[PDB]
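One chain follows as structure tokens, the form deposited in one PDB entry.
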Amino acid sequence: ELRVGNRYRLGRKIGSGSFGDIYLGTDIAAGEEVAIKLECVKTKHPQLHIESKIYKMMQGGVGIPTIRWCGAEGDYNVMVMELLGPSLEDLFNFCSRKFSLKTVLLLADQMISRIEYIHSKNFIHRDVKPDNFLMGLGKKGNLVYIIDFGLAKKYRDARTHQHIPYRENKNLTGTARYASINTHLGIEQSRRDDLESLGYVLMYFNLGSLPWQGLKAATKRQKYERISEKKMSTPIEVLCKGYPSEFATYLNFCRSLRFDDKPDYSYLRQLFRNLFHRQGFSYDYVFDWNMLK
């Protein structure tokens, strides 16, 4: 129970984000439902205001949620954001945990572009997973958004574009299921890692699971190591057996990138667009969830 900024009513908690939990809220005068991220104001490692500045800078990008307000109330720093629709994990569930090839390809085009946009503004996301992509609402119902800059990092200097240096012995940031192999091996993340993670997300939608899910281990730290080991020991063409070759081509391209390379985002989009064309699918933007009755 809180009122933020003389303007917003705080509603229920709906999930967690990076360094802050996510709540529904209401702009009381406008009657507009919003999403609200909260950070304990006494935290040793404050970052919500850093995140807010990244959002302000990213504003105007297609599929970046709008930031409505950032401030403080009571015991919290507060960031009020545009309300979006369900996540891609939610929609995957609503689609019986199967997506058509067409839907996978429609999603892939947008997800690559969203990652490219973030990179163009000098950041890497570092938390690419199905729960961080949400569909828009209303006139934006066909648009895939990416959320959460709480794990984002600047990878190149804004004035000179000098890339960050190569580093080793680093910690994993996001969900281990989708981490790149180099992230598991302790290498500093860069643009290639966001795109490799996306490749695992796409094959997760194709398969329903990844082969490194559900592994036994004594501890969380050891579980991550076993996930790493299974990823390293599963050839891409085994992972992607029976699916269009483009999914393997995509993953091998990402794994081939140098630390500081600029990815060829166009190439990666074109793989999937050419497959979409060869398959004869309609250019109607109809996703699988648009068929639900």
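Superpose the two forms; the largest set of C-alphas matching within 1.5 Å is the rigid core. When you see a residue number, it is the position in the sequence shown, counting from 1.
The same protein also has a form solved in complex with a partner chain, omitted here; what follows describes it.
- Heavy atoms of residue 177 reach within 4.5 Å of its partner chain in the deposited complex, making it an interface residue.
- Among residues of the shown chain, residue 122 is not one whose heavy atoms approach its partner chain to within 4.5 Å in the deposited complex.
- In the deposited complex, residue 224 approaches its partner chain with a heavy atom inside 4.5 Å.
- Contact check for residue 127: a non-hydrogen atom falls within 4.5 Å of its partner chain in the deposited complex.
- The listed set 143, 81, 172, 101 contains one residue whose heavy atoms approach its partner chain in the deposited complex to within 4.5 Å, identified as 172.
- Just one listed stretch, out of 193 to 201, 102 to 110, 155 to 163, 215 to 223, contacts its partner chain in the deposited complex at the 4.5 Å heavy atom level, and that stretch is 215 to 223.
- Residue shifts between the shown form and the other one, rigid core superposed: of 264, 32, 260, 229, the only C-alpha displaced by 2 Å or more belongs to 32.
- A movement of the C-alpha atom of residue 74 reaching 2 angstroms or beyond is seen between the shown form and the other one when the two forms are aligned on their rigid core.
- With the core held fixed, residue 47 shows a CA shift of 2 Å or greater between the shown form and the other one.
- Once you line up the core between the shown form and the other one, the Cα of residue 275 stays within less than 2 Å of where it was.
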